[PDB]
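These are the residues of each chain, in order.
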Amino acid sequence: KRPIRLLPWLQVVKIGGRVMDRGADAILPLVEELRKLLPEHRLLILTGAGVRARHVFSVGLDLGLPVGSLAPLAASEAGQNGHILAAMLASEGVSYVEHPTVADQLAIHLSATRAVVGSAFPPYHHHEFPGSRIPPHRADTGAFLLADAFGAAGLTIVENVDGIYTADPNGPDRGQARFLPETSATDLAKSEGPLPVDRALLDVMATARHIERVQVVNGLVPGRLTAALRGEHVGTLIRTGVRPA
Amino acid sequence: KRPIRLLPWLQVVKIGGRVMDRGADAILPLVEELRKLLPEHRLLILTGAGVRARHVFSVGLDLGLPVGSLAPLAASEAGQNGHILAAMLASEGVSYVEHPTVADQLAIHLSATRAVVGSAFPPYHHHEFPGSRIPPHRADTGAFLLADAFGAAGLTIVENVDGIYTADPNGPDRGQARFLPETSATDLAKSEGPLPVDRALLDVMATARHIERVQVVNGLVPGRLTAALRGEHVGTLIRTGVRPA
Amino acid sequence: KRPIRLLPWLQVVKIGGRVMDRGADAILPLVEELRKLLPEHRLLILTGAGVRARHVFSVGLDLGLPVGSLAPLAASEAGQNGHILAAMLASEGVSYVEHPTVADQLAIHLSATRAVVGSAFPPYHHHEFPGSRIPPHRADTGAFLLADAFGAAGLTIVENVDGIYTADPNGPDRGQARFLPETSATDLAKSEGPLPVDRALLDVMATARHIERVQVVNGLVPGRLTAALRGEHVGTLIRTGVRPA
Amino acid sequence: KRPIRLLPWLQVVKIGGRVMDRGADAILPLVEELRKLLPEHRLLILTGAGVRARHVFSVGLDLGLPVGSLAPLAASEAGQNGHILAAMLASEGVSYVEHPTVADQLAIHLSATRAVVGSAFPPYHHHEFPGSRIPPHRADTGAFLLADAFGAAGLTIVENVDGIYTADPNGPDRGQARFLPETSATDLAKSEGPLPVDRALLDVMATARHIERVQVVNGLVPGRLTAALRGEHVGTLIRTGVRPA
Amino acid sequence: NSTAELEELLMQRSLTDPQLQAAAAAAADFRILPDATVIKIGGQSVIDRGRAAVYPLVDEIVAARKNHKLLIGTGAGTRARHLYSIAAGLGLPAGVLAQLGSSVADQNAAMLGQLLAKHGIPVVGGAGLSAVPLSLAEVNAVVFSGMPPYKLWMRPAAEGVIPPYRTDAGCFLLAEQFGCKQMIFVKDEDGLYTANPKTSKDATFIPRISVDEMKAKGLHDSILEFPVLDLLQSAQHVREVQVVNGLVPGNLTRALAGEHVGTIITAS
Amino acid sequence: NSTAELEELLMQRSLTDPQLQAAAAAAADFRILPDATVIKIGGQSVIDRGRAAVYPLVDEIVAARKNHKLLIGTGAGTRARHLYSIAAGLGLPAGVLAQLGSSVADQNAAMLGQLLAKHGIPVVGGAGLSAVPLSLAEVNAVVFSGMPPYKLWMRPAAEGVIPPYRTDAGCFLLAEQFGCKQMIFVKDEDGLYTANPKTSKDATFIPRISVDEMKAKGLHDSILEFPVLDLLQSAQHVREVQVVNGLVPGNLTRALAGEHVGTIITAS
Ligand SMILES: Nc1ncnc2c1ncn2[C@@H]1O[C@H](COP(=O)(O)OP(=O)(O)OP(=O)(O)O)[C@@H](O)[C@H]1O
Ligand SMILES: Nc1ncnc2c1ncn2[C@@H]1O[C@H](COP(=O)(O)OP(=O)(O)OP(=O)(O)O)[C@@H](O)[C@H]1O
Ligand SMILES: Nc1ncnc2c1ncn2[C@@H]1O[C@H](COP(=O)(O)OP(=O)(O)OP(=O)(O)O)[C@@H](O)[C@H]1O
Ligand SMILES: Nc1ncnc2c1ncn2[C@@H]1O[C@H](COP(=O)(O)OP(=O)(O)OP(=O)(O)O)[C@@H](O)[C@H]1O
Ligand SMILES: Nc1ncnc2c1ncn2[C@@H]1O[C@H](COP(=O)(O)OP(=O)(O)OP(=O)(O)O)[C@@H](O)[C@H]1O
Ligand SMILES: Nc1ncnc2c1ncn2[C@@H]1O[C@H](COP(=O)(O)OP(=O)(O)OP(=O)(O)O)[C@@H](O)[C@H]1O
Ligand code: MOO
Ligand code: MOO
Ligand code: MOO
Ligand code: MOO
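Residues numbered from 1 in each chain as written, not as in the entry; some residues may be left out. Chains lettered and ligands numbered in written order. Part of a larger assembly, values for the part shown. Heavy atoms only, no water.

Method information in the entry identifies X-ray crystallography as the source of the structure, with 1.900 Å recorded as the resolution.

Shown next as structure tokens:
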């Protein structure tokens, strides 16, 4: 049978780095929404990296550095977004916690307080996999690996778009981009073309043990994160191909 | 007069490594018993090392290593048992905490949550005492040093046997092994022959300042740990020779 | 406009190292007063260094060491006073926390428990400013930098004197020493002569963003700290020259 | 010696009924200020009666009813204001509690939650004192009787005016009305003319055992209640003539 | 292709974008420690066997480091299998078992490190890496624990809870990350055979084979962790590995001298 | 003046006491690393520019460290400005922005460190300092992040929330603390001019100037963080600094050889 759930009452929320990149205009409403959710859910909030990681990839690739050097450089930017978000929630008892604390002491920290913030990037560091010059295991992938290892009640991915489209809705082909309210990880994995989630997220969904669905929602629209944490369908649902016990 | 009690409301429970070595068959009932005790007591749960430490002693002694090299190698195994036990209790808000946190921040952690798990081995490390090639200050000894330094309400040692006998009840002479419901540390120290507790435990009991008695009980019998934490006599009581204030 | 307040409900209390230097006679009543305050306020209690830092300055200056070597040596003594004070409050759930925890996880720790203790010295370390051979950014200065960065409700400085006088009331000129119930940081900065607070405290008050007044009170008089935390005037008030929003 | 303090860490806040009478325009900012204070103080918030009590006095006096009939009729209106204020704070865990609960179970309720709301009127009911046809022991008086009996850290009276003036600042003589930043209860008692506080408040201040000062502040100015609870002087201070122990 | 084209894509496209991925592939390729060799010392196959296996290898390491820069990683072995057994029986997930196994590799690095300390060779960690550059420069060798750092973020295997990336993968990925010139796995068999030589009596020795040939022969999971074979086919810097018998005196030395002892497994 | 007089004052007077302060000033003055040079490599002016700026400087560092002991600190650059912008827009205070900026300087030290690792040069930290004495002794150079450690205890500027003590100040204070013989700021301009040469077309080059002269000329906040100028006037050990163009091949080398390239700024 499947492994037990370590924290079955946990909700994991991953905040895209590009949401953070919009500054106060996006962050202040999101902080106010998170504030209202604290009495409703036990939250692990994990931040991605955003545009600064693109800059350090540009410099690092120009210097020739390998993918295991670029992975911790990008992870740094996700940690900085986590410190910013936690500071905004400090008066509610929320702090940023480091990766070892997440891996080993999350239960005591969520007993102390209603939510903690950490980095969504996983600590693959210099042991990132080779093949692409871009680190594959990024923020979407790390947040899902954690949520599934914990057996959490859900993972919600909060982005600057409504969900997944058939083409980049901010890209060259944005005119033929059609919104997908629902999809499976296996169908996405067989498509080519860009996605708002790591391609490695689809691979770890194939070996998942607990989480059956992950919703991608627009954090720039107040109320969508709240609705998603109640299971309401307000973005794109990704079916992992976990099947019930 | 004697030193103050730092945490007079604390109960310390040491879990023998060989209980953990029995796997789910022993661990699952013990976890269920611990779960029920969390609302009754403030617990520091400390794990011993068990058979893996015997293996690393075999390798280390075969390589010639001194007792200060073997001590942290065994301590590692007690930390691993602590991570396993804490994982099973994570959904109750229980986490493993490192030795510095135990020494300096136990009060805040037991304010956050009902119980924490740590390693019972003390951090003697490369400064372990010479004389025996086997590290003397092991899990029973470390747990007692901590409980007494804190001025804790009790220390209960949870083993895979009912208590102390006149001979190893799993050993060659097991036929003449008689159960001892009660003994003193000074009488045990004058005996030769094996015990289910570190011999150094008897030495630190002689210099103890607070804890008057320590009960050894069978963790493979559901309900004995619960009864021992209420002071019921269900295993072997060891009198430390602390005398009342 | 001014920066937000991170922890607007926080009260910061700095305990002079020389209060700690008096031993049980001063510490026990202060601990009993702190115990009674825990249900009234959310406290960050920060200890100074006292006479041991004078000794290590004497040795370090005799060896020729520069001001960036002396600064962490003095900070050590403030950390030791913090460990002593926290031990006395352990049974109330109070622990000492390290500088990184103060800077990054204070919110979760004050959610776990009513008060934490840390070092008042700031981590300037080998990057202390040159000019004086005595480290300028000491315990009063660090505690104020923290309280103001957090936007705390107050900072109270607990000393072994009633407040600020016109001369050292334990010094050669103590006969002409007149008590000052109220003063401004700018007026003190223009005076020469010794003070019971760091001169660098007056400089950081000039750039402060939130805290308008800081009270210096006698911790050797039971009840004064309690009264000061309610805003009662029982020592010397220092006006920072923050002006209201 | 004087009686012990039952709840020495309690802050009592009395909200004038006429503040409540202004509706959302006054209530919403006050609720937002109270929300921010909940993590800073343990609050007993007590509401007065306002204009509806004037209406029921008009009807009751027209029917000839005695002062012991009018007293519980006015108290009803203070209870209604308390239910309104508590509803606005419900999502913060705040509820209205009845007079018996205040008198007997306040400690457990302030352990459950950060603040509770009750009626400021005391339960004199049909045993109100004769002499005036207007019940003398009203909301200011009841709140002070409670705060002093508990030995609370303070009582703050939150009104629709800045404090006490030499004449009614909304009345005929408002042109000669001079603001009084500080006064004593004994000096007010010897004056004739109207006040923003019950005259019986001055009488119970003369027999008080603990509370030395009570501040009257304008709840229509955001931030004044917050400042008053830190002891800042932002309205009229009334000295009770309790003198220190 | 140009720096500015790559920077524009990096700013304007998702990292998932195939066009970005392809411009990133054309970037220059810097090797961090190109003159170093990574050696894995097996936990079950060497260190668990005690003095008779470890002492001759210590002597070879000490002799080798005069002419070779060495990063020596340790395996885990029988204590990790015991931990995996306990934890799997409790239903714990692969990410928890991954943390447990690392502690056993750490133990083994500490024991090996103490035998090498008098020759100046440190166990690294603490600093992670940057104790590595100084040590390699001065003493020509360092000892490290071979388990990857993934811990709770370990991807699980398709079936079961045993962590799929263990100490063969950890040592391999470090060689690949540093761009080392050579990767040697030190085990307790001469090399790869057509069957497990401990189970099968007529297995045939294979001196050289590619990953694809190994898969076509049913040898995906034999003398190396099978994910390592896929990592090798993806690698930029280490495109072959050598498996040698550490129980044969001098085998490590001879492999470092370029002798074809053992089995060479090629990415293609 | 005597040891006993100083000890008596240290025991009996506040550290604020002018008489104590003056006896402390007469103490002996030990330089910890008097033969070392601190070099700051600019974040925006060098590392952000990639290979064309960094690779020639790596080559100079490698050549220089044969005859010179070097402590090489990194700046932060455009990613820190982005973080400052986000955080300032949220109303966060200078002490929070200080922590954010340090992470960017750490990134830059890691990237520079990886290009130098094969030459034995470590990135230090972890140990803080005492990896420094051993590395300097053996390999003649170390890389460090240039941001001061003040973090949440950063004093704010008179106006605004940008941390006033950044990587110019961090590197300067380390040179001053260690009593180093020389402090070189490596930027992207030849030195100080009478105006910003990127904004003004007819600015005039200044080979040598004192802090007071710079203030009298409106140049308090130009090519160095302006607090550094005040730190320099207070310094005990480093009483002048040199600003050179790292984009000119050999400029660092020539500055280490005593050539007057660039601008020398004197405390008096
Ligand atoms: N098919 C698609 N559907 C939706 N968005 C897409 C698609 N292809 C590309 N995108 C892009 O993905 C962007 C979001 O993913 P991106 O990695 O850029 O940011 P992020 O998730 O905030 O970053 P991080 O991974 O650091 O958290 C969107 O703004 C959108 O333009
Ligand atoms: N006189 C004795 N009475 C009872 N048990 C004894 C005696 N002498 C030896 N023993 C043995 O002690 C064993 C338990 O102690 P042991 O050190 O082996 O395990 P542990 O306490 O679980 O290990 P750890 O110290 O790592 O926690 C028992 O199973 C028993 O066989
Ligand atoms: N003008 C003054 N008014 C009041 N006290 C003064 C004055 N000048 C000097 N002092 C001295 O300052 C002393 C307290 O400051 P000091 O630095 O000595 O101790 P502290 O604050 O306990 O130490 P730390 O800074 O390590 O916490 C007083 O005991 C007093 O003698
Ligand atoms: N001397 C005075 N100074 C200040 N206000 C005065 C004075 N005399 C009369 N008042 C009036 O007192 C009013 C407030 O007291 P009032 O009893 O009317 O309301 P309240 O306290 O809100 O009611 P309740 O007692 O039901 O809580 C003010 O609006 C003001 O006009
Ligand atoms: N086809 C094969 N050829 C050679 N050896 C094989 C083959 N198939 C399986 N093996 C087994 O694999 C073993 C080597 O892998 P093993 O995991 O034991 O080494 P290790 O590196 O010591 O592991 P760890 O370090 O994880 O303890 C050999 O002892 C051998 O019995
Ligand atoms: N009077 C001046 N003379 C020369 N340069 C000036 C002057 N005034 C301003 N500057 C500017 O200062 C810049 C150097 O400082 P800058 O902060 O860019 O360097 P940096 O050390 O790379 O910063 P960081 O490391 O903080 O990113 C030059 O590019 C130049 O445009
Ligand atoms: O990071 Mo913590 O580990 O709030 O006791
Ligand atoms: O120190 Mo912890 O290990 O704030 O829960
Ligand atoms: O960080 Mo602590 O120091 O989870 O109580
Ligand atoms: O029933 Mo009580 O008597 O909600 O504390």
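Draft legend 1. Highlighting the overall build of chain E. Check the secondary structure of chain E and you find 10 helices and 9 strands. In terms of overall size, chain E behaves like a compact globule, its C-alpha atoms giving a radius of gyration of 19 Å where 268 residues would be expected to give roughly 18 Å. Looking at the 268 residues of chain E, the share that counts as buried comes to 60%. Residue pairs in contact within chain E that sit at least 24 positions apart in sequence constitute 70% of those at least 6 positions apart. Surface exposure of chain E reaches about 9,800 Å², of which carbon and sulfur atoms provide 50%. Taking the average location of the 23 positive side-chain charges in chain E and that of its 25 negative ones, the two points are 7 Å from each other. (Helix = DSSP H or I, 4+ residues; strand = E, 2+ residues; numbered from the N terminus. Rg over C-alpha atoms; globule rule 2.2 N^0.38 Å. Buried < 20%, exposed > 50% of the residue type's maximum accessible area, 1.4 Å probe, protein only. Contact = heavy atoms within 4.5 Å. Areas by Shrake-Rupley, 256 points an atom, 1.4 Å probe, with all protein chains shown as cover. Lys, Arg positive; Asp, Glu negative; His and termini not counted. Charge placed at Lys NZ, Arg CZ, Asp CG, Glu CD.)

Draft legend 2. Looking closely at the interface of chain C and chain A. Each partner contributes to the interface: chain C provides 12 residues, whereas chain A provides 15 residues. Summed over both sides, the interface between chain C and chain A buries roughly 960 Å², with carbon and sulfur atoms accounting for 61% of that surface. By the criterion of area lost to chain A, the three top residues of chain C are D104, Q105 and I108 of chain C, representing 47% of everything that side buries. Here chain C and chain A share 0 salt bridges between them. The interface formed by chain C and chain A holds 4 residue pairs in polar contact in total. In terms of residue class, the side of chain C that touches chain A is built from 9 nonpolar, 2 polar and 1 charged. (Buried area = accessible area lost by both parts, 1.4 Å probe. Salt bridge = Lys/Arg side-chain N within 4 Å of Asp/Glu carboxyl O. Polar contact = N/O pair within 3.5 Å; in protein donor to acceptor, adjacent residues only side chain to side chain. Nonpolar A, V, L, I, M, F, W, Y, C, P; charged D, E, K, R; others polar.)

Draft legend 3. Spotlight on the relation of the copies chain C and chain A. Overlay of chain C on chain A (RMSD 0.0 Å): rotation 120°, translation along the axis 0.0 Å. When the rotation and shift are considered jointly, the pair of chain copies conforms to a three-fold rotation axis. Across chain C, the smallest distance between a C-alpha and the rotation axis is recorded for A112 of chain C, namely 2.6 Å. Interface overlap between copies: only 8% of the residues of chain C at the interface are likewise at the interface in chain A, consistent with a contact formed by different surfaces. (Least-squares fit on C-alpha atoms.)

Draft legend 4. Geometry of the sheet that holds strand β8 (residues 213–218) of chain D. All names here are of chain D. With mixed pairing, the 7 strands of this open sheet are ordered in space as β3-β2-β1-β4-β8-β9-β7. At either margin of the open sheet sits one strand with a lone partner, and together these are β3 (115–119) and β7 (182–184). Each strand of the sheet is rotated relative to its neighbour by a mean of 20°, with strand direction disregarded. In this structure, strand β2 (residues 42–47) lies alongside β3, joined through 5 bridges in parallel fashion. Within the sheet, the bridge partner assigned to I45 lies in β3 and is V117. (Pairing = 2+ DSSP bridges. Axes fitted to C-alpha atoms, helices over the stretch in contact; angles between N-to-C directions.)

Draft legend 5. Layout of helix α2 (residues 18–25) of chain E. All names here are of chain E. Here α2 has its buried residues at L20, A23 and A24. Along the axis of α2, the buried positions cluster into a sector of 100°, meaning they face one direction only. Opposite the packed face of α2, turned more than 90 degrees from it, sit the exposed residues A22 and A25. One side-chain oxygen of the residue at the start of α2 lies 3.0 Å from the amide nitrogen of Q19, identifying that residue as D17. (Arc of directions from axis to C-beta.)

Draft legend 6. How the structure looks around the interface of chain A and chain E. Listed by partner, the interface residues are 51 residues for chain A and 49 residues for chain E. For the chain A and chain E pair, buried surface summed over both sides reaches about 4,300 Å², with 64% attributable to carbon and sulfur atoms. Counting across the interface, chain A meets chain E through 0 salt bridges. At the surface where chain A touches chain E, the tally comes to 20 residue pairs in polar contact. Where the side of chain A that touches chain E is concerned, the elements lending two or more residues are α3 (51–62), α4 (67–89), α5 (99–112), α6 (139–150) and α8 (199–206) of chain A. In terms of residues, the side of chain A that touches chain E owes the most to one element, α3 of chain A, which gives 7 residues.

Draft legend 7. Structural detail: the packing of aromatic side chains. Enumeration over the complete set of coordinates arrives at 18 aromatic pairs over all chains. Ring centres of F129 of chain A and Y150 of chain E lie 6.3 Å apart, and the angle between their planes is 55°; on these two criteria the pair is classed as tilted. A residue pair is termed interchain when its members come from two chains, as with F129 of chain A in the loop between β3 (115–119) and α6 and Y150 of chain E in the loop between β3 (141–145) and α7 (167–178). Take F129 of chain A: its relative accessible area is 16%, and that puts it in the buried class. Consider the rings of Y165 of chain C and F179 of chain C, whose centres lie 5.4 Å apart with planes at 70°: the pair is edge-to-face. Linking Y165 of chain C in strand β5 (residues 164–165) with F179 of chain C in strand β6 (residues 179–180), this pair joins segments that are 14 residues apart in sequence. Take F179 of chain C: its relative accessible area is 30%, and that puts it in the partly exposed class. (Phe/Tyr/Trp six-rings, centres within 6.5 Å; stacked < 30°, edge-to-face > 60°.)

Draft legend 8. Highlighting the nonpolar core. Within the largest apolar cluster, 421 residues are counted, with the highest numbers of intra-cluster contacts made by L71 and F172 of chain E together with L71 and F172 of chain F. Among residues more than four places away in sequence, those in contact with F172 of chain F are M183, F185, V228, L231, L232, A235, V238 and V241 of chain F. Listed in part, the 43 residues of the second largest apolar core include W9, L155, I157 and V214 of chain D. (Core = buried A, V, L, I, M, F, W, Y, C linked by side-chain atoms within 4.5 Å.)

Draft legend 9. Representation of the pattern of salt bridges in the model. Residue and element names in this part refer to chain A. Going through the model one piece at a time under the given rule, you end up with 68 salt bridges over all chains. One salt bridge connects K14 with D140, and the closest N-O pair in it is separated by 2.6 Å. Residue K14 is found in strand β1 (residues 10–15), and its partner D140 is found in helix α6; the two are separated by 126 residues along the sequence. As far as burial versus exposure is concerned, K14 and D140 are alike and both buried.

Draft legend 10. Structural context of the pairing of strand β2 (residues 42–47) of chain B. Residues and elements named next belong to chain B. Burial within β2 is extensive, with 5 of its 6 residues counted as buried. Here strand β1 (residues 10–15) pairs with β2 via 6 bridges, running parallel. Counted as the bridge partner of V12 is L44 from β2.

Draft legend 11. Looking closely at the pairing of strand β2 (residues 69–74) of chain E. Residue and element names in this part refer to chain E. Burial analysis of β2 places 5 of its 6 residues in the buried class, which makes it a mostly covered element. Here strand β1 (residues 36–41) pairs with β2 via 6 bridges, running parallel. Bridging from a neighbouring strand, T37 pairs with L70 of β2. Following the backbone out of β1, through helix α3 (residues 51–64) and into the adjacent parallel β2, one traces a crossover that is right-handed. (Right-handed = clockwise from strand over helix to strand, strands pointing away.)

Draft legend 12. Representation of the packing of α3 of chain A against helix α1 (residues 3–12) of chain E within the structure. Closest axis-to-axis distance for the α3 of chain A/α1 of chain E pair is 9 Å, and the angle between their directions is 160°. Compared by their axis directions, α3 of chain A and α1 of chain E come out roughly antiparallel. In this structure, α3 of chain A meets α1 of chain E at a crossing whose hand is right-handed. Contacts between α3 of chain A and α1 of chain E involve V51, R54, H55, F57, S58, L61 and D62 of chain A from the former and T3, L6, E7, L10 and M11 of chain E from the latter. (Parallel < 35°, antiparallel > 145°, perpendicular 65-115°, else oblique. Left-handed = near helix turned anticlockwise from the far one by under 90°.)

Draft legend 13. View of unusual backbone geometry. Residue and element names in this part refer to chain C. Here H125, not a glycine, exhibits a phi torsion of approximately 60°, which is positive. Structurally, the position occupied by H125 is in the loop between β3 (115–119) and α6 (139–150). Owing to a relative accessible area of 33%, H125 belongs among the partly exposed residues under this scheme.

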